[PDB]
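File shown: run_35.pdb (PDB, C-alpha atoms and all ligand atoms).
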MODEL        1
ATOM      1  CA  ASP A   2    -146.865-186.198 -55.117  1.00  0.00           C
ATOM      2  CA  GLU A   3    -145.774-189.734 -54.093  1.00  0.00           C
ATOM      3  CA  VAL A   4    -145.375-191.613 -50.869  1.00  0.00           C
ATOM      4  CA  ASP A   5    -142.234-193.050 -49.222  1.00  0.00           C
TER       5      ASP A   5
ATOM      6  CA  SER B  29    -113.886-164.915 -14.455  1.00  0.00           C
ATOM      7  CA  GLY B  30    -117.544-163.963 -13.996  1.00  0.00           C
ATOM      8  CA  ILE B  31    -120.612-166.159 -13.619  1.00  0.00           C
ATOM      9  CA  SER B  32    -120.811-168.911 -16.243  1.00  0.00           C
ATOM     10  CA  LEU B  33    -123.906-170.632 -17.655  1.00  0.00           C
ATOM     11  CA  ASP B  34    -123.909-174.104 -19.227  1.00  0.00           C
ATOM     12  CA  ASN B  35    -127.342-174.303 -20.903  1.00  0.00           C
ATOM     13  CA  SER B  36    -126.046-174.547 -24.514  1.00  0.00           C
ATOM     14  CA  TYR B  37    -123.944-177.187 -26.262  1.00  0.00           C
ATOM     15  CA  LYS B  38    -120.341-176.133 -26.949  1.00  0.00           C
ATOM     16  CA  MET B  39    -120.314-175.490 -30.713  1.00  0.00           C
ATOM     17  CA  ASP B  40    -116.910-173.762 -31.111  1.00  0.00           C
ATOM     18  CA  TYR B  41    -114.729-176.834 -31.503  1.00  0.00           C
ATOM     19  CA  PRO B  42    -112.365-176.538 -34.504  1.00  0.00           C
ATOM     20  CA  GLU B  43    -114.941-178.352 -36.702  1.00  0.00           C
ATOM     21  CA  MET B  44    -118.743-178.378 -36.699  1.00  0.00           C
ATOM     22  CA  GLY B  45    -118.630-182.109 -37.562  1.00  0.00           C
ATOM     23  CA  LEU B  46    -119.692-184.567 -40.257  1.00  0.00           C
ATOM     24  CA  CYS B  47    -122.961-184.481 -42.188  1.00  0.00           C
ATOM     25  CA  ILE B  48    -123.549-187.933 -43.731  1.00  0.00           C
ATOM     26  CA  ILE B  49    -126.313-187.917 -46.394  1.00  0.00           C
ATOM     27  CA  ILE B  50    -127.618-191.320 -47.548  1.00  0.00           C
ATOM     28  CA  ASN B  51    -129.633-190.773 -50.744  1.00  0.00           C
ATOM     29  CA  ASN B  52    -131.386-193.990 -51.835  1.00  0.00           C
ATOM     30  CA  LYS B  53    -133.133-193.485 -55.194  1.00  0.00           C
ATOM     31  CA  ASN B  54    -132.944-196.786 -57.136  1.00  0.00           C
ATOM     32  CA  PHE B  55    -133.858-200.091 -55.486  1.00  0.00           C
ATOM     33  CA  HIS B  56    -133.156-203.683 -56.527  1.00  0.00           C
ATOM     34  CA  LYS B  57    -135.989-205.026 -58.689  1.00  0.00           C
ATOM     35  CA  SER B  58    -136.603-208.064 -56.444  1.00  0.00           C
ATOM     36  CA  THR B  59    -137.543-205.799 -53.511  1.00  0.00           C
ATOM     37  CA  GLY B  60    -140.567-204.396 -55.349  1.00  0.00           C
ATOM     38  CA  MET B  61    -139.780-200.829 -54.230  1.00  0.00           C
ATOM     39  CA  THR B  62    -140.307-197.861 -56.554  1.00  0.00           C
ATOM     40  CA  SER B  63    -137.711-195.317 -57.636  1.00  0.00           C
ATOM     41  CA  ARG B  64    -137.875-192.222 -55.411  1.00  0.00           C
ATOM     42  CA  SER B  65    -138.166-189.454 -58.014  1.00  0.00           C
ATOM     43  CA  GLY B  66    -137.236-186.036 -56.638  1.00  0.00           C
ATOM     44  CA  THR B  67    -134.792-187.292 -54.007  1.00  0.00           C
ATOM     45  CA  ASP B  68    -131.776-185.820 -55.846  1.00  0.00           C
ATOM     46  CA  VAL B  69    -133.328-182.365 -55.355  1.00  0.00           C
ATOM     47  CA  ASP B  70    -133.417-183.102 -51.602  1.00  0.00           C
ATOM     48  CA  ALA B  71    -129.833-184.372 -51.525  1.00  0.00           C
ATOM     49  CA  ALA B  72    -128.481-181.295 -53.347  1.00  0.00           C
ATOM     50  CA  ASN B  73    -130.473-178.915 -51.095  1.00  0.00           C
ATOM     51  CA  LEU B  74    -129.156-180.630 -47.944  1.00  0.00           C
ATOM     52  CA  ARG B  75    -125.563-180.581 -49.189  1.00  0.00           C
ATOM     53  CA  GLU B  76    -125.629-176.822 -49.837  1.00  0.00           C
ATOM     54  CA  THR B  77    -127.539-175.999 -46.642  1.00  0.00           C
ATOM     55  CA  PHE B  78    -125.183-177.915 -44.373  1.00  0.00           C
ATOM     56  CA  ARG B  79    -122.145-176.652 -46.303  1.00  0.00           C
ATOM     57  CA  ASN B  80    -123.117-173.093 -45.373  1.00  0.00           C
ATOM     58  CA  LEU B  81    -123.351-174.191 -41.694  1.00  0.00           C
ATOM     59  CA  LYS B  82    -119.690-175.370 -42.061  1.00  0.00           C
ATOM     60  CA  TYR B  83    -120.374-179.122 -41.822  1.00  0.00           C
ATOM     61  CA  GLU B  84    -118.051-181.560 -43.603  1.00  0.00           C
ATOM     62  CA  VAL B  85    -120.658-183.107 -45.928  1.00  0.00           C
ATOM     63  CA  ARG B  86    -120.392-186.621 -47.400  1.00  0.00           C
ATOM     64  CA  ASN B  87    -123.072-187.668 -49.927  1.00  0.00           C
ATOM     65  CA  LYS B  88    -123.633-191.399 -50.540  1.00  0.00           C
ATOM     66  CA  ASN B  89    -125.996-192.769 -53.204  1.00  0.00           C
ATOM     67  CA  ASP B  90    -127.881-196.082 -53.515  1.00  0.00           C
ATOM     68  CA  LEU B  91    -126.431-198.093 -50.604  1.00  0.00           C
ATOM     69  CA  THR B  92    -127.424-201.684 -49.796  1.00  0.00           C
ATOM     70  CA  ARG B  93    -128.492-202.556 -46.254  1.00  0.00           C
ATOM     71  CA  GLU B  94    -125.025-204.054 -45.710  1.00  0.00           C
ATOM     72  CA  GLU B  95    -123.326-200.894 -47.011  1.00  0.00           C
ATOM     73  CA  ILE B  96    -125.450-198.680 -44.721  1.00  0.00           C
ATOM     74  CA  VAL B  97    -124.439-200.672 -41.638  1.00  0.00           C
ATOM     75  CA  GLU B  98    -120.726-200.720 -42.540  1.00  0.00           C
ATOM     76  CA  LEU B  99    -120.711-196.982 -43.325  1.00  0.00           C
ATOM     77  CA  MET B 100    -122.315-196.134 -39.967  1.00  0.00           C
ATOM     78  CA  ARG B 101    -119.978-198.478 -38.094  1.00  0.00           C
ATOM     79  CA  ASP B 102    -116.914-196.967 -39.811  1.00  0.00           C
ATOM     80  CA  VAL B 103    -118.045-193.370 -39.204  1.00  0.00           C
ATOM     81  CA  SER B 104    -118.744-194.167 -35.538  1.00  0.00           C
ATOM     82  CA  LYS B 105    -115.138-195.399 -35.181  1.00  0.00           C
ATOM     83  CA  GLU B 106    -113.554-192.163 -36.452  1.00  0.00           C
ATOM     84  CA  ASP B 107    -112.023-189.753 -33.936  1.00  0.00           C
ATOM     85  CA  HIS B 108    -114.590-186.951 -33.464  1.00  0.00           C
ATOM     86  CA  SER B 109    -112.624-185.226 -30.655  1.00  0.00           C
ATOM     87  CA  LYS B 110    -112.216-181.959 -32.619  1.00  0.00           C
ATOM     88  CA  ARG B 111    -115.866-181.958 -33.841  1.00  0.00           C
ATOM     89  CA  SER B 112    -118.811-180.194 -32.158  1.00  0.00           C
ATOM     90  CA  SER B 113    -121.641-182.457 -33.354  1.00  0.00           C
ATOM     91  CA  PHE B 114    -122.716-185.245 -35.740  1.00  0.00           C
ATOM     92  CA  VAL B 115    -125.489-185.213 -38.382  1.00  0.00           C
ATOM     93  CA  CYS B 116    -126.918-188.093 -40.435  1.00  0.00           C
ATOM     94  CA  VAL B 117    -129.673-187.670 -43.065  1.00  0.00           C
ATOM     95  CA  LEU B 118    -131.552-190.737 -44.376  1.00  0.00           C
ATOM     96  CA  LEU B 119    -133.624-190.463 -47.586  1.00  0.00           C
ATOM     97  CA  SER B 120    -135.379-193.748 -48.430  1.00  0.00           C
ATOM     98  CA  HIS B 121    -138.462-195.927 -48.263  1.00  0.00           C
ATOM     99  CA  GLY B 122    -139.378-196.927 -44.713  1.00  0.00           C
ATOM    100  CA  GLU B 123    -141.811-198.307 -42.144  1.00  0.00           C
ATOM    101  CA  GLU B 124    -142.182-197.712 -38.410  1.00  0.00           C
ATOM    102  CA  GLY B 125    -138.674-198.135 -36.988  1.00  0.00           C
ATOM    103  CA  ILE B 126    -137.155-199.168 -40.351  1.00  0.00           C
ATOM    104  CA  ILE B 127    -135.342-197.651 -43.338  1.00  0.00           C
ATOM    105  CA  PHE B 128    -134.611-199.453 -46.602  1.00  0.00           C
ATOM    106  CA  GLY B 129    -131.298-200.199 -48.152  1.00  0.00           C
ATOM    107  CA  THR B 130    -131.513-200.790 -51.885  1.00  0.00           C
ATOM    108  CA  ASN B 131    -131.829-204.578 -51.243  1.00  0.00           C
ATOM    109  CA  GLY B 132    -133.843-204.738 -48.000  1.00  0.00           C
ATOM    110  CA  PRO B 133    -134.609-203.108 -44.650  1.00  0.00           C
ATOM    111  CA  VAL B 134    -132.415-201.891 -41.780  1.00  0.00           C
ATOM    112  CA  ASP B 135    -133.590-201.358 -38.196  1.00  0.00           C
ATOM    113  CA  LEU B 136    -133.086-197.701 -37.279  1.00  0.00           C
ATOM    114  CA  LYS B 137    -131.944-198.869 -33.810  1.00  0.00           C
ATOM    115  CA  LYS B 138    -129.026-200.730 -35.418  1.00  0.00           C
ATOM    116  CA  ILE B 139    -127.827-197.512 -37.106  1.00  0.00           C
ATOM    117  CA  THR B 140    -128.191-195.244 -34.085  1.00  0.00           C
ATOM    118  CA  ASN B 141    -126.768-197.750 -31.558  1.00  0.00           C
ATOM    119  CA  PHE B 142    -123.291-197.208 -33.077  1.00  0.00           C
ATOM    120  CA  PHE B 143    -123.382-193.645 -31.666  1.00  0.00           C
ATOM    121  CA  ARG B 144    -124.532-194.487 -28.107  1.00  0.00           C
ATOM    122  CA  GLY B 145    -122.679-192.612 -25.376  1.00  0.00           C
ATOM    123  CA  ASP B 146    -120.880-195.821 -24.399  1.00  0.00           C
ATOM    124  CA  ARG B 147    -120.006-196.914 -27.959  1.00  0.00           C
ATOM    125  CA  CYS B 148    -118.670-193.667 -29.531  1.00  0.00           C
ATOM    126  CA  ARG B 149    -116.699-191.931 -26.788  1.00  0.00           C
ATOM    127  CA  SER B 150    -115.556-188.945 -28.888  1.00  0.00           C
ATOM    128  CA  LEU B 151    -119.228-187.961 -29.365  1.00  0.00           C
ATOM    129  CA  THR B 152    -120.293-188.505 -25.727  1.00  0.00           C
ATOM    130  CA  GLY B 153    -122.027-185.356 -24.475  1.00  0.00           C
ATOM    131  CA  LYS B 154    -122.251-183.938 -28.037  1.00  0.00           C
ATOM    132  CA  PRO B 155    -125.492-183.608 -30.055  1.00  0.00           C
ATOM    133  CA  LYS B 156    -126.184-186.463 -32.504  1.00  0.00           C
ATOM    134  CA  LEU B 157    -128.842-185.497 -35.063  1.00  0.00           C
ATOM    135  CA  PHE B 158    -130.700-188.028 -37.240  1.00  0.00           C
ATOM    136  CA  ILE B 159    -132.932-186.496 -39.942  1.00  0.00           C
ATOM    137  CA  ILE B 160    -135.235-189.088 -41.524  1.00  0.00           C
ATOM    138  CA  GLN B 161    -137.300-188.674 -44.716  1.00  0.00           C
ATOM    139  CA  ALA B 162    -139.132-192.036 -44.981  1.00  0.00           C
ATOM    140  CA  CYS B 163    -142.565-193.502 -44.296  1.00  0.00           C
ATOM    141  CA  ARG B 164    -143.427-194.717 -40.772  1.00  0.00           C
ATOM    142  CA  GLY B 165    -146.423-196.803 -41.836  1.00  0.00           C
ATOM    143  CA  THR B 166    -149.408-196.455 -44.173  1.00  0.00           C
ATOM    144  CA  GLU B 167    -151.829-194.093 -42.405  1.00  0.00           C
ATOM    145  CA  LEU B 168    -152.993-190.942 -44.211  1.00  0.00           C
ATOM    146  CA  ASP B 169    -153.743-187.625 -42.490  1.00  0.00           C
ATOM    147  CA  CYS B 170    -157.012-186.256 -43.915  1.00  0.00           C
ATOM    148  CA  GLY B 171    -156.615-182.841 -42.234  1.00  0.00           C
TER     149      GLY B 171
ATOM    150  CA  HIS C 185    -121.593-188.863 -13.065  1.00  0.00           C
ATOM    151  CA  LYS C 186    -122.504-191.240 -15.869  1.00  0.00           C
ATOM    152  CA  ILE C 187    -124.574-190.196 -18.910  1.00  0.00           C
ATOM    153  CA  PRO C 188    -127.507-192.294 -20.238  1.00  0.00           C
ATOM    154  CA  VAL C 189    -126.409-194.067 -23.414  1.00  0.00           C
ATOM    155  CA  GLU C 190    -129.497-192.714 -25.223  1.00  0.00           C
ATOM    156  CA  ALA C 191    -128.875-189.087 -24.122  1.00  0.00           C
ATOM    157  CA  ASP C 192    -127.955-186.289 -26.580  1.00  0.00           C
ATOM    158  CA  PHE C 193    -129.787-187.712 -29.619  1.00  0.00           C
ATOM    159  CA  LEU C 194    -132.292-185.758 -31.722  1.00  0.00           C
ATOM    160  CA  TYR C 195    -134.524-187.518 -34.295  1.00  0.00           C
ATOM    161  CA  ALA C 196    -136.134-185.111 -36.785  1.00  0.00           C
ATOM    162  CA  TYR C 197    -138.764-187.364 -38.372  1.00  0.00           C
ATOM    163  CA  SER C 198    -140.519-186.193 -41.527  1.00  0.00           C
ATOM    164  CA  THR C 199    -143.872-187.599 -40.316  1.00  0.00           C
ATOM    165  CA  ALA C 200    -145.869-188.730 -37.263  1.00  0.00           C
ATOM    166  CA  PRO C 201    -145.665-192.370 -36.026  1.00  0.00           C
ATOM    167  CA  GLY C 202    -147.651-194.773 -38.210  1.00  0.00           C
ATOM    168  CA  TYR C 203    -148.084-192.364 -41.170  1.00  0.00           C
ATOM    169  CA  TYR C 204    -146.970-192.130 -44.776  1.00  0.00           C
ATOM    170  CA  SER C 205    -144.541-189.326 -45.721  1.00  0.00           C
ATOM    171  CA  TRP C 206    -144.874-187.266 -48.934  1.00  0.00           C
ATOM    172  CA  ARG C 207    -142.298-186.575 -51.678  1.00  0.00           C
ATOM    173  CA  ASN C 208    -142.889-184.487 -54.819  1.00  0.00           C
ATOM    174  CA  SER C 209    -141.132-185.840 -57.910  1.00  0.00           C
ATOM    175  CA  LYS C 210    -140.357-182.300 -59.180  1.00  0.00           C
ATOM    176  CA  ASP C 211    -139.725-180.223 -56.030  1.00  0.00           C
ATOM    177  CA  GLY C 212    -138.396-182.796 -53.544  1.00  0.00           C
ATOM    178  CA  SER C 213    -139.964-183.922 -50.290  1.00  0.00           C
ATOM    179  CA  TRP C 214    -142.219-181.569 -48.315  1.00  0.00           C
ATOM    180  CA  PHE C 215    -140.137-182.020 -45.133  1.00  0.00           C
ATOM    181  CA  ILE C 216    -136.649-181.610 -46.628  1.00  0.00           C
ATOM    182  CA  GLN C 217    -137.742-178.613 -48.759  1.00  0.00           C
ATOM    183  CA  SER C 218    -139.072-176.914 -45.625  1.00  0.00           C
ATOM    184  CA  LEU C 219    -136.156-177.922 -43.360  1.00  0.00           C
ATOM    185  CA  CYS C 220    -133.568-176.419 -45.709  1.00  0.00           C
ATOM    186  CA  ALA C 221    -135.538-173.198 -46.172  1.00  0.00           C
ATOM    187  CA  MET C 222    -135.873-172.714 -42.399  1.00  0.00           C
ATOM    188  CA  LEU C 223    -132.196-173.487 -41.733  1.00  0.00           C
ATOM    189  CA  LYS C 224    -131.184-170.955 -44.431  1.00  0.00           C
ATOM    190  CA  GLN C 225    -133.415-168.249 -42.940  1.00  0.00           C
ATOM    191  CA  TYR C 226    -132.960-168.848 -39.196  1.00  0.00           C
ATOM    192  CA  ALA C 227    -129.743-170.773 -38.381  1.00  0.00           C
ATOM    193  CA  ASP C 228    -127.934-167.537 -37.455  1.00  0.00           C
ATOM    194  CA  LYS C 229    -130.850-166.451 -35.194  1.00  0.00           C
ATOM    195  CA  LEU C 230    -132.854-169.287 -33.578  1.00  0.00           C
ATOM    196  CA  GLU C 231    -132.239-172.322 -31.359  1.00  0.00           C
ATOM    197  CA  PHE C 232    -132.639-175.613 -33.243  1.00  0.00           C
ATOM    198  CA  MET C 233    -135.897-176.728 -31.590  1.00  0.00           C
ATOM    199  CA  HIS C 234    -137.479-173.422 -32.614  1.00  0.00           C
ATOM    200  CA  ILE C 235    -136.224-173.863 -36.194  1.00  0.00           C
ATOM    201  CA  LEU C 236    -137.788-177.344 -36.323  1.00  0.00           C
ATOM    202  CA  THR C 237    -141.040-175.923 -34.945  1.00  0.00           C
ATOM    203  CA  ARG C 238    -141.129-173.475 -37.892  1.00  0.00           C
ATOM    204  CA  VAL C 239    -140.587-176.520 -40.144  1.00  0.00           C
ATOM    205  CA  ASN C 240    -143.601-178.227 -38.523  1.00  0.00           C
ATOM    206  CA  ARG C 241    -145.715-175.125 -39.206  1.00  0.00           C
ATOM    207  CA  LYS C 242    -144.577-174.779 -42.844  1.00  0.00           C
ATOM    208  CA  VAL C 243    -145.194-178.450 -43.720  1.00  0.00           C
ATOM    209  CA  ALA C 244    -148.607-178.416 -42.037  1.00  0.00           C
ATOM    210  CA  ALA C 245    -149.718-175.139 -43.662  1.00  0.00           C
ATOM    211  CA  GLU C 246    -148.273-174.980 -47.175  1.00  0.00           C
ATOM    212  CA  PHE C 247    -148.578-178.560 -48.548  1.00  0.00           C
ATOM    213  CA  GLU C 248    -151.520-180.763 -49.568  1.00  0.00           C
ATOM    214  CA  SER C 249    -151.361-183.807 -51.853  1.00  0.00           C
ATOM    215  CA  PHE C 250    -152.908-183.859 -55.330  1.00  0.00           C
ATOM    216  CA  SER C 251    -153.848-187.259 -56.771  1.00  0.00           C
ATOM    217  CA  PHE C 252    -156.222-188.729 -59.333  1.00  0.00           C
ATOM    218  CA  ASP C 253    -156.738-191.545 -56.765  1.00  0.00           C
ATOM    219  CA  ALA C 254    -159.347-190.552 -54.175  1.00  0.00           C
ATOM    220  CA  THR C 255    -157.582-192.635 -51.487  1.00  0.00           C
ATOM    221  CA  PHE C 256    -154.433-190.482 -51.799  1.00  0.00           C
ATOM    222  CA  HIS C 257    -155.910-187.068 -52.681  1.00  0.00           C
ATOM    223  CA  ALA C 258    -156.102-183.932 -50.489  1.00  0.00           C
ATOM    224  CA  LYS C 259    -153.933-185.348 -47.674  1.00  0.00           C
ATOM    225  CA  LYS C 260    -151.824-183.441 -45.120  1.00  0.00           C
ATOM    226  CA  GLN C 261    -148.619-184.101 -43.140  1.00  0.00           C
ATOM    227  CA  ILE C 262    -147.114-183.107 -39.779  1.00  0.00           C
ATOM    228  CA  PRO C 263    -143.451-183.918 -38.965  1.00  0.00           C
ATOM    229  CA  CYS C 264    -142.390-185.244 -35.563  1.00  0.00           C
ATOM    230  CA  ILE C 265    -139.512-183.861 -33.449  1.00  0.00           C
ATOM    231  CA  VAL C 266    -138.119-186.433 -30.973  1.00  0.00           C
ATOM    232  CA  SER C 267    -135.570-184.937 -28.574  1.00  0.00           C
ATOM    233  CA  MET C 268    -133.308-186.642 -26.053  1.00  0.00           C
ATOM    234  CA  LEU C 269    -131.070-183.543 -26.000  1.00  0.00           C
ATOM    235  CA  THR C 270    -129.872-182.117 -22.674  1.00  0.00           C
ATOM    236  CA  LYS C 271    -128.923-178.577 -23.853  1.00  0.00           C
ATOM    237  CA  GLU C 272    -129.921-175.871 -26.324  1.00  0.00           C
ATOM    238  CA  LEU C 273    -128.331-176.146 -29.777  1.00  0.00           C
ATOM    239  CA  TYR C 274    -127.266-173.066 -31.776  1.00  0.00           C
ATOM    240  CA  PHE C 275    -125.358-173.486 -35.032  1.00  0.00           C
ATOM    241  CA  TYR C 276    -123.409-170.240 -34.464  1.00  0.00           C
ATOM    242  CA  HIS C 277    -121.054-169.321 -31.607  1.00  0.00           C
ATOM    243  CA  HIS C 278    -119.319-166.377 -29.864  1.00  0.00           C
TER     244      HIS C 278
HETATM  245 NA    NA D 301    -124.034-188.315 -25.264  1.00  0.00          NA
HETATM  246 NA    NA D 302    -139.954-190.060 -41.264  1.00  0.00          NA
HETATM  247 NA    NA D 303    -141.805-185.070 -46.506  1.00  0.00          NA
ENDMDL
END

Could you write out this structure as structure tokens?
Amino acid sequence: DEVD
Amino acid sequence: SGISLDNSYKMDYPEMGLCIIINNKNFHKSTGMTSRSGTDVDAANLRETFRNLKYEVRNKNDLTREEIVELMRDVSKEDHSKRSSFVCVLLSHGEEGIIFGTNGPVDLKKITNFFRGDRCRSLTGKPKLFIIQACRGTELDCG
Amino acid sequence: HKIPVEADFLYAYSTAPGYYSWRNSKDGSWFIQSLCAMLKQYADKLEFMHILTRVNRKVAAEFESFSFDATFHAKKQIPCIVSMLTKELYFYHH
């Protein structure tokens, strides 16, 4: 899970 | 004929319309933005999904901010008279009101203004859908 | 009759104003994953706002972040439907  | 109701958009034009997918994965080093691993899975899913809805899909990868603006301008100047609707999907980094080209940011208002009722007459009165996978800031929802 | 120049737009945002949005490096983004699944299942049955509402429910219910960093761990997301549409939208006809 990563953020944009 | 009998009584007619007009509560639904007319979606039986010869074509459903365009589906423009902008898939930004790799960014110029000087921007400091990370590579968006997993975005190709999104782009392939969207292409197949909108294909089965009978949209004319165009996938574009790794566009600069200048290329995004020129693409949107050019698409907005096509003749959409035979098309029911328009769809644009943006996959990128972002902030509130902003999406990133590979070399810097673009105001979302600049992209959507090309399709205003007074600036794209062959889409006036037709639904214009913008689907945006990007951050809108840095807050986290704890749940 | 004139039409407002901002009429007949729909913005399907992956996340609420001011918030991060989540993307899994293996499975794709939470929002796009869910959007495609709901269009596949319901585009021949439901009006578009009701499809997007099912997307809201699926993102909110089925996803939660996992991170070794406490700041980014166990977080949730809700998408944000912004409609200036003037009619119902069905992808089918006749
Ligand atoms: Na319009
Ligand atoms: Na978003
Ligand atoms: Na997402």

Computed interatomic separation between atom CA of residue B:70 and atom CA of residue C:212 (Å):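 These two atoms are separated by 5.4 Å.
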
Expansion of the PyMOL selection byres (((not hetatm)) within 8 of (chain D and resi 303)) into residues, as a list in words: residues 161 and 162 of chain B; 198, 199, 205, 206, 207, 213, 214, 215, 216, 217, 243, 261 and 263 of chain C

For C-alpha atoms, I'd like the residues from the last selection saved as a short mmCIF file (atom, residue, chain, number, x, y, z; two decimals), in the coordinates of the input.
data_model
loop_
_atom_site.label_atom_id
_atom_site.label_comp_id
_atom_site.auth_asym_id
_atom_site.auth_seq_id
_atom_site.Cartn_x
_atom_site.Cartn_y
_atom_site.Cartn_z
CA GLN B 161 -137.30 -188.67 -44.72
CA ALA B 162 -139.13 -192.04 -44.98
CA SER C 198 -140.52 -186.19 -41.53
CA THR C 199 -143.87 -187.60 -40.32
CA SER C 205 -144.54 -189.33 -45.72
CA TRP C 206 -144.87 -187.27 -48.93
CA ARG C 207 -142.30 -186.58 -51.68
CA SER C 213 -139.96 -183.92 -50.29
CA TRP C 214 -142.22 -181.57 -48.32
CA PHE C 215 -140.14 -182.02 -45.13
CA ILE C 216 -136.65 -181.61 -46.63
CA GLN C 217 -137.74 -178.61 -48.76
CA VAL C 243 -145.19 -178.45 -43.72
CA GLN C 261 -148.62 -184.10 -43.14
CA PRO C 263 -143.45 -183.92 -38.97
#

Selection within 9 Å of ligand NA 301 (chain D) by only C-alpha atoms and all ligand atoms, output as a list in words: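 Going residue by residue within 9 Å of ligand NA 301 (chain D), we get residues 143, 144, 145, 146, 148, 149, 151, 152, 153, 154, 155 and 156 of chain B; 187, 188, 189, 190, 191, 192, 193, 269 and 270 of chain C.
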
Pick from B:60, B:122, B:171, B:129 nearest to ligand NA 302 (chain D), counting all atoms listed in the file: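 Distance minimum relative to ligand NA 302 (chain D) lands on B:122.
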
Selection under test: the PyMOL selection byres (((chain C and resi 226-242) around 12) and not hetatm); residues as an mmCIF file with C-alpha atoms, in the frame of the given file:
data_model
loop_
_atom_site.group_PDB
_atom_site.id
_atom_site.type_symbol
_atom_site.label_atom_id
_atom_site.label_comp_id
_atom_site.auth_asym_id
_atom_site.auth_seq_id
_atom_site.Cartn_x
_atom_site.Cartn_y
_atom_site.Cartn_z
ATOM 1 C CA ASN B 35 -127.342 -174.303 -20.903
ATOM 2 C CA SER B 36 -126.046 -174.547 -24.514
ATOM 3 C CA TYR B 37 -123.944 -177.187 -26.262
ATOM 4 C CA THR B 77 -127.539 -175.999 -46.642
ATOM 5 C CA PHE B 78 -125.183 -177.915 -44.373
ATOM 6 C CA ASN B 80 -123.117 -173.093 -45.373
ATOM 7 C CA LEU B 81 -123.351 -174.191 -41.694
ATOM 8 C CA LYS B 82 -119.690 -175.370 -42.061
ATOM 9 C CA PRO B 155 -125.492 -183.608 -30.055
ATOM 10 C CA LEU B 157 -128.842 -185.497 -35.063
ATOM 11 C CA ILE B 159 -132.932 -186.496 -39.942
ATOM 12 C CA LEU C 194 -132.292 -185.758 -31.722
ATOM 13 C CA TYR C 195 -134.524 -187.518 -34.295
ATOM 14 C CA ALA C 196 -136.134 -185.111 -36.785
ATOM 15 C CA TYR C 197 -138.764 -187.364 -38.372
ATOM 16 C CA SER C 198 -140.519 -186.193 -41.527
ATOM 17 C CA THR C 199 -143.872 -187.599 -40.316
ATOM 18 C CA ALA C 200 -145.869 -188.730 -37.263
ATOM 19 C CA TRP C 214 -142.219 -181.569 -48.315
ATOM 20 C CA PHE C 215 -140.137 -182.020 -45.133
ATOM 21 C CA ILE C 216 -136.649 -181.610 -46.628
ATOM 22 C CA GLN C 217 -137.742 -178.613 -48.759
ATOM 23 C CA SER C 218 -139.072 -176.914 -45.625
ATOM 24 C CA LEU C 219 -136.156 -177.922 -43.360
ATOM 25 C CA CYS C 220 -133.568 -176.419 -45.709
ATOM 26 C CA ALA C 221 -135.538 -173.198 -46.172
ATOM 27 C CA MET C 222 -135.873 -172.714 -42.399
ATOM 28 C CA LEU C 223 -132.196 -173.487 -41.733
ATOM 29 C CA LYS C 224 -131.184 -170.955 -44.431
ATOM 30 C CA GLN C 225 -133.415 -168.249 -42.940
ATOM 31 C CA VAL C 243 -145.194 -178.450 -43.720
ATOM 32 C CA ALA C 244 -148.607 -178.416 -42.037
ATOM 33 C CA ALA C 245 -149.718 -175.139 -43.662
ATOM 34 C CA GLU C 246 -148.273 -174.980 -47.175
ATOM 35 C CA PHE C 247 -148.578 -178.560 -48.548
ATOM 36 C CA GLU C 248 -151.520 -180.763 -49.568
ATOM 37 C CA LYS C 260 -151.824 -183.441 -45.120
ATOM 38 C CA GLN C 261 -148.619 -184.101 -43.140
ATOM 39 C CA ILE C 262 -147.114 -183.107 -39.779
ATOM 40 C CA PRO C 263 -143.451 -183.918 -38.965
ATOM 41 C CA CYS C 264 -142.390 -185.244 -35.563
ATOM 42 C CA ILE C 265 -139.512 -183.861 -33.449
ATOM 43 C CA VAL C 266 -138.119 -186.433 -30.973
ATOM 44 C CA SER C 267 -135.570 -184.937 -28.574
ATOM 45 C CA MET C 268 -133.308 -186.642 -26.053
ATOM 46 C CA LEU C 269 -131.070 -183.543 -26.000
ATOM 47 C CA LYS C 271 -128.923 -178.577 -23.853
ATOM 48 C CA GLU C 272 -129.921 -175.871 -26.324
ATOM 49 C CA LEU C 273 -128.331 -176.146 -29.777
ATOM 50 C CA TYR C 274 -127.266 -173.066 -31.776
ATOM 51 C CA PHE C 275 -125.358 -173.486 -35.032
ATOM 52 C CA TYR C 276 -123.409 -170.240 -34.464
ATOM 53 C CA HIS C 277 -121.054 -169.321 -31.607
ATOM 54 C CA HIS C 278 -119.319 -166.377 -29.864
#

Point (-141.4, -196.1, -35.7) neighbourhood (6 Å, all atoms listed in the file) written as a ChimeraX atom specification: /B:124-125,164 /C:201

Atom-to-atom span, atom CA of residue B:89 and atom CA of residue B:112, Å: 25.5 Å

Find the residues in chain B near chain A: any atom within 10 Å counts, using only C-alpha atoms. Write them as a short mmCIF file (atom, residue, chain, number, x, y, z; two decimals) with C-alpha atoms, in the coordinates of the input.
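out31.cif, freshly written:
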data_model
loop_
_atom_site.label_atom_id
_atom_site.label_comp_id
_atom_site.auth_asym_id
_atom_site.auth_seq_id
_atom_site.Cartn_x
_atom_site.Cartn_y
_atom_site.Cartn_z
CA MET B 61 -139.78 -200.83 -54.23
CA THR B 62 -140.31 -197.86 -56.55
CA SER B 63 -137.71 -195.32 -57.64
CA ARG B 64 -137.88 -192.22 -55.41
CA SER B 65 -138.17 -189.45 -58.01
CA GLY B 66 -137.24 -186.04 -56.64
CA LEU B 119 -133.62 -190.46 -47.59
CA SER B 120 -135.38 -193.75 -48.43
CA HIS B 121 -138.46 -195.93 -48.26
CA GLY B 122 -139.38 -196.93 -44.71
CA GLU B 123 -141.81 -198.31 -42.14
CA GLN B 161 -137.30 -188.67 -44.72
CA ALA B 162 -139.13 -192.04 -44.98
CA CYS B 163 -142.56 -193.50 -44.30
CA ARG B 164 -143.43 -194.72 -40.77
CA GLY B 165 -146.42 -196.80 -41.84
CA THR B 166 -149.41 -196.46 -44.17
#
